[PDB]
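A.B. asks:
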Amino acid sequence: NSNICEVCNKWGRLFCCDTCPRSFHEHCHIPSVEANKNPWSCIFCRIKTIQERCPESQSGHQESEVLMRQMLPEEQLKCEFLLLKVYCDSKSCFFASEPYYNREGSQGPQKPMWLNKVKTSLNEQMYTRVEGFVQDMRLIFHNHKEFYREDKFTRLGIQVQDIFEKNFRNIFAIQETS
Ligand SMILES: [Zn+2]
Ligand SMILES: [Zn+2]
Ligand SMILES: [Zn+2]
């Protein structure tokens, strides 16, 4: 097993996966690491098993059809994983916790959004469709672009959104296009 958390790259109280060499802090893993369960398989292993059980799940999909899927167990798991992939980028720190807005020449967004709020929403099963989750995720970056305007800090929103969008396309096997 690794000696650092796969998500935040720090040592600490880690839980180790029984089917691969990754380790996690308790609340870095999504869902939070389960109390008992021996053996324990992490989210990366569980996502890999889904593909192995149904190889055709990797054939290309249209984004519009993906978004309308109901949040059944396997879609729930894929959203958890995609959220996890965002938290794996160190730049996610800027978007994790509840923001505030007081900048000369800007007004705060009508609907603030942050990664820990989306984490809670998934945990409490508040999204009925994939679209719910993806809308909130995109809203995080949109709110950041609009607020920071021409400050170069707007780029952080672009950069973390690109991580989100690449992972979305990979996890949900969106049809490759030019
Ligand atoms: Zn961690
Ligand atoms: Zn694993
Ligand atoms: Zn099959």
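In the entry's author numbering, the protein residues as written are 701 to 878.
Using N, Cα and C, we set each Cβ at its ideal position, and we do this for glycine too.
1. Pairs of beta-carbons, one from the stretch 742-749 and one from the stretch 710-725, closer than 8 Å: are there three or more?
2. Which partner residues of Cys-716 appear in the DSSP bridge assignment?
3. Which whole runs of the alpha helix (DSSP H) in the stretch 720-786 are 4 residues long or more, in chain order?
4. Using the three-state DSSP reduction, which class does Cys-793 fall into: helix, strand or coil?
5. Residues around ligand 1, please: the ones whose beta-carbon is closer than 5 Å to some heavy atom of it, in chain order.
6. Count the C-beta pairs between the stretch 856-874 and the stretch 756-775 that are closer than 8 Å, then say yes if the count reaches three, no if not.
7. Among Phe-794, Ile-750 and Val-834, which has the Cα closest to the Cα of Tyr-848?
8. Tell me which same chain residues have a C-beta within less than 8 Å of the C-beta of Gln-776, skipping the five on either side of it?
C.D. replies: According to the structure shown:
1. yes
2. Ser-723
3. 743-753 and 763-767
4. helix
5. Those residues having their beta-carbon less than 5 Å away from any non-hydrogen atom of ligand 1 are, in chain order, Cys-705, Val-707, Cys-708, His-725 and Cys-728.
6. Contact between the stretch 856-874 and the stretch 756-775 is present: three or more C-beta pairs spanning the two stretches fall below 8 Å.
7. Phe-794
8. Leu-822 and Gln-825
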